[PDB]
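File shown: upload_37.cif. Contents: mmCIF, C-alpha atoms and all ligand atoms.
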data_upload
#
loop_
_atom_site.group_PDB
_atom_site.id
_atom_site.type_symbol
_atom_site.label_atom_id
_atom_site.label_comp_id
_atom_site.auth_asym_id
_atom_site.auth_seq_id
_atom_site.Cartn_x
_atom_site.Cartn_y
_atom_site.Cartn_z
ATOM 1 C CA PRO A 1060 -18.936 36.786 -27.781
ATOM 2 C CA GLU A 1061 -15.135 36.652 -27.314
ATOM 3 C CA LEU A 1062 -12.428 37.309 -29.922
ATOM 4 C CA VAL A 1063 -12.339 34.566 -32.533
ATOM 5 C CA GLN A 1064 -15.795 33.228 -33.094
ATOM 6 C CA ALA A 1065 -14.732 30.923 -35.849
ATOM 7 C CA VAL A 1066 -16.356 28.228 -33.788
ATOM 8 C CA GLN A 1067 -19.524 28.876 -35.717
ATOM 9 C CA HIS A 1068 -18.558 26.256 -38.181
ATOM 10 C CA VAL A 1069 -19.129 23.649 -35.480
ATOM 11 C CA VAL A 1070 -21.917 25.228 -33.412
ATOM 12 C CA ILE A 1071 -24.908 23.001 -32.620
ATOM 13 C CA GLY A 1072 -28.314 24.454 -31.813
ATOM 14 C CA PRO A 1073 -29.461 23.516 -28.305
ATOM 15 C CA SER A 1074 -32.834 22.409 -29.683
ATOM 16 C CA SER A 1075 -30.945 19.892 -31.864
ATOM 17 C CA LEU A 1076 -29.305 18.175 -28.866
ATOM 18 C CA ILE A 1077 -30.748 16.117 -26.004
ATOM 19 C CA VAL A 1078 -28.417 15.380 -23.082
ATOM 20 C CA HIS A 1079 -29.448 12.414 -20.916
ATOM 21 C CA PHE A 1080 -28.090 13.728 -17.619
ATOM 22 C CA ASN A 1081 -29.345 10.597 -15.818
ATOM 23 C CA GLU A 1082 -26.745 8.358 -17.537
ATOM 24 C CA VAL A 1083 -23.120 9.103 -16.632
ATOM 25 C CA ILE A 1084 -20.612 7.195 -18.778
ATOM 26 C CA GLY A 1085 -17.465 9.022 -17.640
ATOM 27 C CA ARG A 1086 -16.267 11.339 -14.862
ATOM 28 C CA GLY A 1087 -13.454 13.784 -15.571
ATOM 29 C CA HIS A 1088 -12.106 16.626 -13.476
ATOM 30 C CA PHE A 1089 -13.679 19.287 -15.715
ATOM 31 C CA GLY A 1090 -17.043 17.525 -15.924
ATOM 32 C CA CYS A 1091 -18.959 14.354 -16.630
ATOM 33 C CA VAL A 1092 -19.712 12.411 -19.816
ATOM 34 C CA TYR A 1093 -23.351 11.739 -20.688
ATOM 35 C CA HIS A 1094 -25.383 9.853 -23.237
ATOM 36 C CA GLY A 1095 -26.849 12.079 -25.919
ATOM 37 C CA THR A 1096 -29.084 12.277 -28.963
ATOM 38 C CA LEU A 1097 -28.127 14.618 -31.805
ATOM 39 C CA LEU A 1098 -30.087 15.661 -34.889
ATOM 40 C CA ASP A 1099 -27.567 15.656 -37.735
ATOM 41 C CA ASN A 1100 -27.339 18.249 -40.497
ATOM 42 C CA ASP A 1101 -29.309 15.870 -42.741
ATOM 43 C CA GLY A 1102 -32.036 15.357 -40.126
ATOM 44 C CA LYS A 1103 -31.270 11.842 -38.862
ATOM 45 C CA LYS A 1104 -30.750 10.513 -35.355
ATOM 46 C CA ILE A 1105 -27.387 9.389 -34.017
ATOM 47 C CA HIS A 1106 -26.003 8.319 -30.684
ATOM 48 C CA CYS A 1107 -23.391 10.681 -29.275
ATOM 49 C CA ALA A 1108 -21.478 11.484 -26.091
ATOM 50 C CA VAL A 1109 -21.729 14.881 -24.398
ATOM 51 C CA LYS A 1110 -18.796 16.159 -22.333
ATOM 52 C CA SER A 1111 -19.575 18.978 -19.910
ATOM 53 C CA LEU A 1112 -16.957 21.518 -18.834
ATOM 54 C CA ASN A 1113 -19.080 22.835 -15.972
ATOM 55 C CA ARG A 1114 -16.291 22.647 -13.376
ATOM 56 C CA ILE A 1115 -14.039 25.180 -15.156
ATOM 57 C CA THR A 1116 -15.765 28.491 -14.368
ATOM 58 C CA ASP A 1117 -13.738 31.429 -15.704
ATOM 59 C CA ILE A 1118 -14.341 33.220 -19.017
ATOM 60 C CA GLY A 1119 -10.590 33.513 -19.566
ATOM 61 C CA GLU A 1120 -9.769 29.967 -18.466
ATOM 62 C CA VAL A 1121 -12.557 28.639 -20.705
ATOM 63 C CA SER A 1122 -11.539 30.692 -23.750
ATOM 64 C CA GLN A 1123 -7.983 29.366 -23.393
ATOM 65 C CA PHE A 1124 -9.242 25.770 -23.276
ATOM 66 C CA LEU A 1125 -11.531 26.231 -26.288
ATOM 67 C CA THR A 1126 -8.844 27.828 -28.469
ATOM 68 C CA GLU A 1127 -6.408 25.048 -27.542
ATOM 69 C CA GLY A 1128 -8.772 22.214 -28.459
ATOM 70 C CA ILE A 1129 -10.594 23.643 -31.477
ATOM 71 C CA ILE A 1130 -7.773 22.317 -33.682
ATOM 72 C CA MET A 1131 -9.317 18.828 -33.506
ATOM 73 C CA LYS A 1132 -12.095 19.759 -35.952
ATOM 74 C CA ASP A 1133 -9.480 19.820 -38.739
ATOM 75 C CA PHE A 1134 -8.204 16.301 -37.988
ATOM 76 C CA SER A 1135 -9.637 13.400 -39.985
ATOM 77 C CA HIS A 1136 -8.479 9.803 -39.506
ATOM 78 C CA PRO A 1137 -10.343 6.542 -38.769
ATOM 79 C CA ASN A 1138 -8.149 5.898 -35.699
ATOM 80 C CA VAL A 1139 -8.520 9.409 -34.217
ATOM 81 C CA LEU A 1140 -11.590 10.649 -32.351
ATOM 82 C CA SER A 1141 -13.352 13.407 -34.292
ATOM 83 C CA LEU A 1142 -15.379 16.386 -33.090
ATOM 84 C CA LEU A 1143 -19.104 16.418 -33.813
ATOM 85 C CA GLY A 1144 -19.474 20.006 -32.615
ATOM 86 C CA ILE A 1145 -20.014 22.075 -29.498
ATOM 87 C CA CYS A 1146 -23.286 23.405 -28.078
ATOM 88 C CA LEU A 1147 -23.243 26.763 -26.278
ATOM 89 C CA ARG A 1148 -26.269 27.654 -24.146
ATOM 90 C CA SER A 1149 -27.071 30.584 -21.872
ATOM 91 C CA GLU A 1150 -27.205 28.307 -18.871
ATOM 92 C CA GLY A 1151 -23.487 28.109 -18.380
ATOM 93 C CA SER A 1152 -20.629 26.060 -19.757
ATOM 94 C CA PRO A 1153 -20.018 24.761 -23.225
ATOM 95 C CA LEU A 1154 -20.815 21.167 -24.164
ATOM 96 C CA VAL A 1155 -18.597 19.001 -26.379
ATOM 97 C CA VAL A 1156 -20.430 16.550 -28.654
ATOM 98 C CA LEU A 1157 -18.479 13.449 -29.686
ATOM 99 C CA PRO A 1158 -19.339 10.211 -31.516
ATOM 100 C CA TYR A 1159 -20.529 7.395 -29.272
ATOM 101 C CA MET A 1160 -18.172 4.460 -28.688
ATOM 102 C CA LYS A 1161 -20.066 1.244 -27.982
ATOM 103 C CA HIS A 1162 -17.297 -0.419 -25.951
ATOM 104 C CA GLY A 1163 -15.878 2.544 -24.023
ATOM 105 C CA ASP A 1164 -12.188 2.766 -23.223
ATOM 106 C CA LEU A 1165 -9.770 0.161 -24.559
ATOM 107 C CA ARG A 1166 -8.451 -0.889 -21.145
ATOM 108 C CA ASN A 1167 -11.828 -1.625 -19.538
ATOM 109 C CA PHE A 1168 -12.890 -3.714 -22.544
ATOM 110 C CA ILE A 1169 -9.879 -6.038 -22.285
ATOM 111 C CA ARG A 1170 -9.933 -6.204 -18.471
ATOM 112 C CA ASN A 1171 -13.511 -7.525 -18.694
ATOM 113 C CA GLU A 1172 -13.533 -11.263 -17.967
ATOM 114 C CA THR A 1173 -16.665 -11.837 -20.090
ATOM 115 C CA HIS A 1174 -14.807 -10.752 -23.253
ATOM 116 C CA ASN A 1175 -12.615 -13.104 -25.302
ATOM 117 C CA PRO A 1176 -10.199 -11.145 -27.502
ATOM 118 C CA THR A 1177 -7.627 -13.360 -29.168
ATOM 119 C CA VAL A 1178 -3.902 -12.630 -29.263
ATOM 120 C CA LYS A 1179 -4.414 -11.465 -32.852
ATOM 121 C CA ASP A 1180 -7.167 -9.108 -31.660
ATOM 122 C CA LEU A 1181 -4.851 -7.436 -29.144
ATOM 123 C CA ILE A 1182 -2.020 -7.070 -31.671
ATOM 124 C CA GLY A 1183 -4.537 -5.580 -34.096
ATOM 125 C CA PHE A 1184 -5.610 -3.017 -31.500
ATOM 126 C CA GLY A 1185 -2.026 -1.857 -31.012
ATOM 127 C CA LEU A 1186 -1.594 -1.568 -34.776
ATOM 128 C CA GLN A 1187 -4.672 0.671 -34.974
ATOM 129 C CA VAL A 1188 -3.254 2.876 -32.205
ATOM 130 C CA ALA A 1189 0.063 3.163 -34.056
ATOM 131 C CA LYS A 1190 -1.755 4.280 -37.210
ATOM 132 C CA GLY A 1191 -3.613 6.954 -35.253
ATOM 133 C CA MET A 1192 -0.427 8.267 -33.652
ATOM 134 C CA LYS A 1193 1.262 8.289 -37.064
ATOM 135 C CA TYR A 1194 -1.410 10.727 -38.257
ATOM 136 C CA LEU A 1195 -1.063 13.000 -35.219
ATOM 137 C CA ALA A 1196 2.730 12.986 -35.607
ATOM 138 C CA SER A 1197 2.613 14.140 -39.236
ATOM 139 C CA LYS A 1198 0.480 17.125 -38.184
ATOM 140 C CA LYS A 1199 3.126 17.991 -35.540
ATOM 141 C CA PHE A 1200 0.837 17.177 -32.600
ATOM 142 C CA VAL A 1201 2.225 15.828 -29.313
ATOM 143 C CA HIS A 1202 -0.389 13.968 -27.247
ATOM 144 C CA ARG A 1203 1.256 13.763 -23.778
ATOM 145 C CA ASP A 1204 -1.055 11.134 -22.277
ATOM 146 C CA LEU A 1205 -1.129 8.012 -24.385
ATOM 147 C CA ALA A 1206 -2.551 5.006 -22.530
ATOM 148 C CA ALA A 1207 -5.094 2.219 -22.892
ATOM 149 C CA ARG A 1208 -7.555 4.152 -20.706
ATOM 150 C CA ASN A 1209 -7.454 7.040 -23.223
ATOM 151 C CA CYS A 1210 -8.364 5.049 -26.365
ATOM 152 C CA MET A 1211 -11.941 4.276 -27.390
ATOM 153 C CA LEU A 1212 -13.525 1.292 -29.141
ATOM 154 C CA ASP A 1213 -16.572 1.684 -31.375
ATOM 155 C CA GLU A 1214 -19.151 -0.776 -32.719
ATOM 156 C CA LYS A 1215 -16.986 -2.058 -35.593
ATOM 157 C CA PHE A 1216 -13.991 -2.805 -33.310
ATOM 158 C CA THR A 1217 -12.290 0.395 -34.507
ATOM 159 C CA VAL A 1218 -9.883 2.010 -32.038
ATOM 160 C CA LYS A 1219 -9.935 5.807 -31.725
ATOM 161 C CA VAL A 1220 -7.038 7.630 -30.100
ATOM 162 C CA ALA A 1221 -8.840 9.975 -27.725
ATOM 163 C CA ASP A 1222 -8.257 12.254 -24.711
ATOM 164 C CA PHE A 1223 -6.982 15.254 -26.649
ATOM 165 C CA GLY A 1224 -8.200 18.669 -27.703
ATOM 166 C CA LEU A 1225 -11.608 19.482 -26.258
ATOM 167 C CA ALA A 1226 -11.787 15.942 -24.811
ATOM 168 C CA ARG A 1227 -8.631 16.268 -22.692
ATOM 169 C CA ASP A 1228 -9.233 15.432 -19.027
ATOM 170 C CA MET A 1229 -8.301 13.143 -16.149
ATOM 171 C CA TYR A 1230 -10.655 10.167 -16.452
ATOM 172 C CA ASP A 1231 -8.928 8.000 -13.809
ATOM 173 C CA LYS A 1232 -7.340 9.942 -10.944
ATOM 174 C CA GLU A 1233 -5.480 6.916 -9.549
ATOM 175 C CA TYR A 1234 -2.531 7.031 -11.966
ATOM 176 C CA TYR A 1235 -1.820 10.789 -12.021
ATOM 177 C CA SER A 1236 0.323 13.031 -9.829
ATOM 178 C CA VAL A 1237 -0.589 16.720 -9.605
ATOM 179 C CA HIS A 1238 2.595 18.780 -9.634
ATOM 180 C CA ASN A 1239 3.281 21.394 -7.006
ATOM 181 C CA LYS A 1240 3.852 24.831 -8.634
ATOM 182 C CA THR A 1241 3.031 24.079 -12.285
ATOM 183 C CA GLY A 1242 -0.205 22.216 -11.572
ATOM 184 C CA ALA A 1243 0.527 19.730 -14.354
ATOM 185 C CA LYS A 1244 -1.108 16.295 -14.315
ATOM 186 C CA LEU A 1245 1.570 13.630 -14.700
ATOM 187 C CA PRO A 1246 0.863 9.943 -15.473
ATOM 188 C CA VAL A 1247 4.003 8.722 -13.739
ATOM 189 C CA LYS A 1248 4.184 5.096 -14.873
ATOM 190 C CA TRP A 1249 3.535 6.020 -18.532
ATOM 191 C CA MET A 1250 6.124 8.807 -18.854
ATOM 192 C CA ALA A 1251 9.477 8.644 -20.617
ATOM 193 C CA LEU A 1252 12.571 8.853 -18.427
ATOM 194 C CA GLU A 1253 13.493 12.308 -19.737
ATOM 195 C CA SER A 1254 9.950 13.523 -18.990
ATOM 196 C CA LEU A 1255 10.133 12.502 -15.328
ATOM 197 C CA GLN A 1256 13.283 14.635 -15.034
ATOM 198 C CA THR A 1257 12.311 17.763 -17.010
ATOM 199 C CA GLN A 1258 8.486 17.637 -17.431
ATOM 200 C CA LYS A 1259 8.915 18.276 -21.169
ATOM 201 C CA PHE A 1260 7.060 16.224 -23.768
ATOM 202 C CA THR A 1261 7.838 15.308 -27.386
ATOM 203 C CA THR A 1262 6.689 12.759 -29.950
ATOM 204 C CA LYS A 1263 9.593 10.567 -28.809
ATOM 205 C CA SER A 1264 8.065 10.531 -25.321
ATOM 206 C CA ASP A 1265 4.779 9.592 -26.995
ATOM 207 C CA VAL A 1266 6.652 6.589 -28.404
ATOM 208 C CA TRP A 1267 7.712 5.573 -24.889
ATOM 209 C CA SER A 1268 4.079 5.734 -23.755
ATOM 210 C CA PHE A 1269 3.087 3.669 -26.799
ATOM 211 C CA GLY A 1270 5.360 0.858 -25.630
ATOM 212 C CA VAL A 1271 3.653 0.865 -22.231
ATOM 213 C CA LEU A 1272 0.319 0.721 -24.066
ATOM 214 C CA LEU A 1273 1.529 -2.380 -25.926
ATOM 215 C CA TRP A 1274 2.450 -3.990 -22.602
ATOM 216 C CA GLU A 1275 -1.057 -3.135 -21.380
ATOM 217 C CA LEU A 1276 -2.625 -4.945 -24.343
ATOM 218 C CA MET A 1277 -0.587 -8.157 -24.095
ATOM 219 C CA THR A 1278 -1.434 -8.422 -20.375
ATOM 220 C CA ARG A 1279 -5.130 -7.547 -20.920
ATOM 221 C CA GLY A 1280 -5.133 -4.502 -18.669
ATOM 222 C CA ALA A 1281 -2.535 -5.193 -15.990
ATOM 223 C CA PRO A 1282 -1.189 -2.132 -14.138
ATOM 224 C CA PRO A 1283 2.441 -1.336 -15.002
ATOM 225 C CA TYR A 1284 5.195 -1.805 -12.390
ATOM 226 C CA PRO A 1285 3.020 -3.187 -9.553
ATOM 227 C CA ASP A 1286 6.041 -3.645 -7.241
ATOM 228 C CA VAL A 1287 7.717 -0.230 -7.692
ATOM 229 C CA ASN A 1288 6.460 2.892 -5.947
ATOM 230 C CA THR A 1289 6.277 6.299 -7.617
ATOM 231 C CA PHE A 1290 9.570 7.492 -6.107
ATOM 232 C CA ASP A 1291 11.725 4.500 -7.094
ATOM 233 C CA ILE A 1292 10.365 4.527 -10.666
ATOM 234 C CA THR A 1293 13.082 6.906 -11.888
ATOM 235 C CA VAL A 1294 16.048 5.035 -10.388
ATOM 236 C CA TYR A 1295 14.530 1.743 -11.573
ATOM 237 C CA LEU A 1296 14.584 3.169 -15.109
ATOM 238 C CA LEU A 1297 18.066 4.679 -14.763
ATOM 239 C CA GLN A 1298 19.391 1.194 -13.934
ATOM 240 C CA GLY A 1299 18.254 -0.057 -17.350
ATOM 241 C CA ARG A 1300 15.449 -2.155 -15.859
ATOM 242 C CA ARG A 1301 12.224 -2.282 -17.868
ATOM 243 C CA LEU A 1302 8.852 -4.006 -17.925
ATOM 244 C CA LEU A 1303 9.106 -7.774 -18.282
ATOM 245 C CA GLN A 1304 7.738 -9.738 -21.225
ATOM 246 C CA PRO A 1305 4.188 -11.081 -20.734
ATOM 247 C CA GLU A 1306 3.561 -14.817 -20.860
ATOM 248 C CA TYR A 1307 1.602 -14.668 -24.137
ATOM 249 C CA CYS A 1308 3.611 -11.977 -25.929
ATOM 250 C CA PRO A 1309 5.295 -13.055 -29.187
ATOM 251 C CA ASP A 1310 9.023 -12.378 -29.089
ATOM 252 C CA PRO A 1311 9.137 -9.867 -32.007
ATOM 253 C CA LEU A 1312 6.453 -7.826 -30.230
ATOM 254 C CA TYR A 1313 8.471 -7.601 -27.010
ATOM 255 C CA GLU A 1314 11.437 -6.373 -29.064
ATOM 256 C CA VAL A 1315 9.288 -3.526 -30.402
ATOM 257 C CA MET A 1316 8.440 -2.533 -26.826
ATOM 258 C CA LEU A 1317 12.129 -2.591 -25.879
ATOM 259 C CA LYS A 1318 12.887 -0.301 -28.829
ATOM 260 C CA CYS A 1319 10.286 2.147 -27.496
ATOM 261 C CA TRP A 1320 12.043 2.430 -24.108
ATOM 262 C CA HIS A 1321 15.562 3.322 -25.250
ATOM 263 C CA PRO A 1322 17.375 5.768 -22.915
ATOM 264 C CA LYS A 1323 18.005 8.233 -25.759
ATOM 265 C CA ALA A 1324 14.753 9.707 -27.065
ATOM 266 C CA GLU A 1325 16.414 10.028 -30.472
ATOM 267 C CA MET A 1326 17.296 6.319 -30.646
ATOM 268 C CA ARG A 1327 13.597 5.370 -30.470
ATOM 269 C CA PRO A 1328 11.638 4.430 -33.604
ATOM 270 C CA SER A 1329 9.164 6.739 -35.268
ATOM 271 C CA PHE A 1330 5.462 5.940 -35.456
ATOM 272 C CA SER A 1331 5.915 5.350 -39.191
ATOM 273 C CA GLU A 1332 8.499 2.670 -38.391
ATOM 274 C CA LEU A 1333 6.136 1.221 -35.775
ATOM 275 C CA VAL A 1334 3.334 0.893 -38.340
ATOM 276 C CA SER A 1335 5.660 -1.097 -40.608
ATOM 277 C CA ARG A 1336 6.951 -3.441 -37.902
ATOM 278 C CA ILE A 1337 3.636 -4.190 -36.171
ATOM 279 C CA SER A 1338 1.838 -4.920 -39.429
ATOM 280 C CA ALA A 1339 4.402 -7.510 -40.334
ATOM 281 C CA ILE A 1340 3.883 -9.360 -37.098
ATOM 282 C CA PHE A 1341 0.097 -9.200 -37.620
ATOM 283 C CA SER A 1342 0.224 -10.736 -41.043
ATOM 284 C CA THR A 1343 2.258 -13.787 -40.143
ATOM 285 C CA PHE A 1344 2.722 -16.387 -37.336
HETATM 286 O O1 LIG B 1401 -14.939 5.261 -16.860
HETATM 287 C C1 LIG B 1401 -14.699 4.904 -17.947
HETATM 288 N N1 LIG B 1401 -15.065 3.567 -18.385
HETATM 289 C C2 LIG B 1401 -15.715 2.654 -17.474
HETATM 290 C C3 LIG B 1401 -16.611 1.696 -18.333
HETATM 291 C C4 LIG B 1401 -17.005 2.392 -19.698
HETATM 292 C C5 LIG B 1401 -18.439 2.886 -19.686
HETATM 293 N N2 LIG B 1401 -18.721 3.518 -20.953
HETATM 294 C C6 LIG B 1401 -18.078 4.575 -21.406
HETATM 295 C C7 LIG B 1401 -18.676 4.893 -22.671
HETATM 296 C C8 LIG B 1401 -19.658 3.905 -22.893
HETATM 297 N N3 LIG B 1401 -19.650 3.109 -21.820
HETATM 298 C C9 LIG B 1401 -18.266 6.027 -23.644
HETATM 299 C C10 LIG B 1401 -18.814 5.988 -24.933
HETATM 300 N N4 LIG B 1401 -18.492 6.904 -25.825
HETATM 301 C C11 LIG B 1401 -17.621 7.910 -25.551
HETATM 302 C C12 LIG B 1401 -17.326 8.839 -26.566
HETATM 303 C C13 LIG B 1401 -16.455 9.880 -26.308
HETATM 304 C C14 LIG B 1401 -15.866 9.988 -25.045
HETATM 305 C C15 LIG B 1401 -16.148 9.078 -24.042
HETATM 306 C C16 LIG B 1401 -17.058 8.011 -24.309
HETATM 307 C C17 LIG B 1401 -17.367 7.034 -23.286
HETATM 308 C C18 LIG B 1401 -14.896 11.158 -24.840
HETATM 309 C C19 LIG B 1401 -14.185 11.250 -23.461
HETATM 310 N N5 LIG B 1401 -13.096 10.308 -23.207
HETATM 311 N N6 LIG B 1401 -13.364 9.405 -22.291
HETATM 312 C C20 LIG B 1401 -12.489 8.477 -21.918
HETATM 313 C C21 LIG B 1401 -11.195 8.433 -22.485
HETATM 314 C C22 LIG B 1401 -10.925 9.430 -23.466
HETATM 315 C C23 LIG B 1401 -11.920 10.370 -23.801
HETATM 316 O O2 LIG B 1401 -11.684 11.179 -24.592
HETATM 317 C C24 LIG B 1401 -12.987 7.518 -20.858
HETATM 318 C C25 LIG B 1401 -14.364 7.308 -20.801
HETATM 319 C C26 LIG B 1401 -14.879 6.459 -19.858
HETATM 320 C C27 LIG B 1401 -14.034 5.831 -18.959
HETATM 321 C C28 LIG B 1401 -12.659 6.042 -19.008
HETATM 322 C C29 LIG B 1401 -11.685 5.363 -18.029
HETATM 323 F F1 LIG B 1401 -11.604 4.038 -18.276
HETATM 324 F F2 LIG B 1401 -10.471 5.928 -18.164
HETATM 325 F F3 LIG B 1401 -12.101 5.535 -16.769
HETATM 326 C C30 LIG B 1401 -12.139 6.905 -19.975
#
Go ahead and render the structure in this file as structure tokens.
Amino acid sequence: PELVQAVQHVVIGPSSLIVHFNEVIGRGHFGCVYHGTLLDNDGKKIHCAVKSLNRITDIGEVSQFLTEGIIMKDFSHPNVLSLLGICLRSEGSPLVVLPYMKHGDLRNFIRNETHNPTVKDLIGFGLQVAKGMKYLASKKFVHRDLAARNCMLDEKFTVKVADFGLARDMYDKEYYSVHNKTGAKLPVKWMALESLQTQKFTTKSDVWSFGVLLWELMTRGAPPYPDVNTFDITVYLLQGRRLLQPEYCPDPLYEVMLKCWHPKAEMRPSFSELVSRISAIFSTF
């Protein structure tokens, strides 16, 4: 009922969606994530994940969020989370329907002590993330929050770059600082040096975050900079100090992470260059 209703291409009838409100699989600031059952266009069942935006209650603030995230329906890539559609009911907020990911976020899956991913598995995950970011970079899309907690893992061990568009939220409050006066949500220990100083974000700052994601993988979910507080993080980086090399990180892989953290954003590699270099490491040893 507001302006551009070209959302009809992705509208789901409420009678074609069942939301299992008893099963929470994720808690964001805008709303929770639930299990769901969706009747496809061909009439078959599928698992799905429903994201509620119940906590943002303002017709203008909601219309701004929907127009910002509706771009994700046009993206198509095996390493990027797709949109199944949105369901609008007369009992409030809109619901975002997304494909179900059997293993949840990437970081929780590798932190789990009952899982045995090999060193080749972890390198392969990072390669899948680089391929997803290469797609988003060619479409001129800056993510702003790339981390292991924001990447999903489906049944076939496929990694989906997530937490963007209509799925953007804070899913783990511990690692974010809420800015006074702008209200921006800043993941301090994942941000490029130039982003901590100006609060601007580019694809080159996405590359910095990607290097931190690689460090996350080779440590199987360790928290970055455990001995540096959120104030000293900027002087620590200005001194040229960086994250140390994990015990079981091959040397060429640590060099790729050091290339991602160069002081000049320009001097950093592109995601296309990262796809070439990581694949080579994967195919040998
Ligand atoms: O609590 C979390 N995991 C604790 C143990 C996992 C339990 N579990 C979760 C599912 C199945 N089991 C699950 C299955 N399919 C999904 C399909 C789409 C979506 C979420 C889905 C979640 C879109 C929403 N979205 N969510 C996240 C990241 C990006 C994103 O876009 C995100 C979800 C959960 C959690 C976290 C974090 F680790 F950060 F904290 C983060």
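For the set A:1164, A:1172, A:1082, A:1325, the residue with the smallest atom-to-atom gap to ligand LIG 1401 (chain B) is A:1164, counting all atoms listed in the file.
Using the PyMOL selection byres (((not hetatm)) within 6 of (chain B and resi 1401)) on this structure selects residues 1084, 1085, 1108, 1157, 1158, 1159, 1160, 1161, 1162, 1163, 1164, 1167, 1208, 1209, 1210, 1221, 1222, 1226, 1230 and 1231 of chain A.
Among the candidate residues A:1228, A:1257, A:1168, A:1064, the one lying nearest to residue 1115 in chain A is A:1228, with distances computed using all atoms listed in the file.
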What is the CA of residue 1111 in chain A-CA of residue 1218 in chain A distance in Å, reported with one decimal?
23.0 Å
When you draw a straight line from CA of residue 1077 in chain A to CA of residue 1096 in chain A, how long is it in Å?
5.1 Å
Please return the centre and edge lengths, in Å to one decimal, of a box with edges along x, y and z that contains all listed atoms of range 1119-1135 of chain A, widened by 4 Å on every side, as JSON.
{"center_x": -9.5, "center_y": 23.5, "center_z": -29.2, "size_x": 14.1, "size_y": 28.1, "size_z": 29.5}
Given the file shown, determine the residues that the PyMOL selection byres (((chain A and resi 1113) around 8) and not hetatm) selects; report them as an mmCIF file with C-alpha atoms, in the coordinates of the input.
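Done, and the output landed in expr_0.cif:
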data_model
loop_
_atom_site.group_PDB
_atom_site.id
_atom_site.type_symbol
_atom_site.label_atom_id
_atom_site.label_comp_id
_atom_site.auth_asym_id
_atom_site.auth_seq_id
_atom_site.Cartn_x
_atom_site.Cartn_y
_atom_site.Cartn_z
ATOM 1 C CA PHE A 1089 -13.679 19.287 -15.715
ATOM 2 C CA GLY A 1090 -17.043 17.525 -15.924
ATOM 3 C CA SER A 1111 -19.575 18.978 -19.910
ATOM 4 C CA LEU A 1112 -16.957 21.518 -18.834
ATOM 5 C CA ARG A 1114 -16.291 22.647 -13.376
ATOM 6 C CA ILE A 1115 -14.039 25.180 -15.156
ATOM 7 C CA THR A 1116 -15.765 28.491 -14.368
ATOM 8 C CA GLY A 1151 -23.487 28.109 -18.380
ATOM 9 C CA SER A 1152 -20.629 26.060 -19.757
ATOM 10 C CA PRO A 1153 -20.018 24.761 -23.225
#
Could you check how far CA of residue 1234 in chain A sits from CA of residue 1246 in chain A, in Å to one decimal?
5.7 Å
Do a neighbour search on residue 1332 in chain A at 12 Å with all atoms listed in the file, toss out local chain neighbours closer than 6 positions, and write the hits as JSON, numbers by chain.
{"A": [1186, 1189, 1190, 1192, 1193, 1266, 1315, 1318, 1319, 1338, 1339]}
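Restricting the calculation to all atoms listed in the file, the smallest distance between residue 1227 in chain A and any of A:1182, A:1124, A:1282, A:1171 is found for A:1124.
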Given the file shown, enumerate the residues that the PyMOL selection byres (((chain A and resi 1188) around 12) and not hetatm) captures and present them as number ranges by chain.
A: 1136-1140, 1165, 1181-1187, 1189-1195, 1205-1207, 1209-1212, 1217-1221, 1265-1266, 1268-1270, 1272-1273, 1276, 1330-1331, 1333-1334, 1337-1338
Taking into account all atoms listed in the file, which residue in the set A:1216, A:1200, A:1060, A:1290 is nearest to residue 1118 in chain A?
A:1060
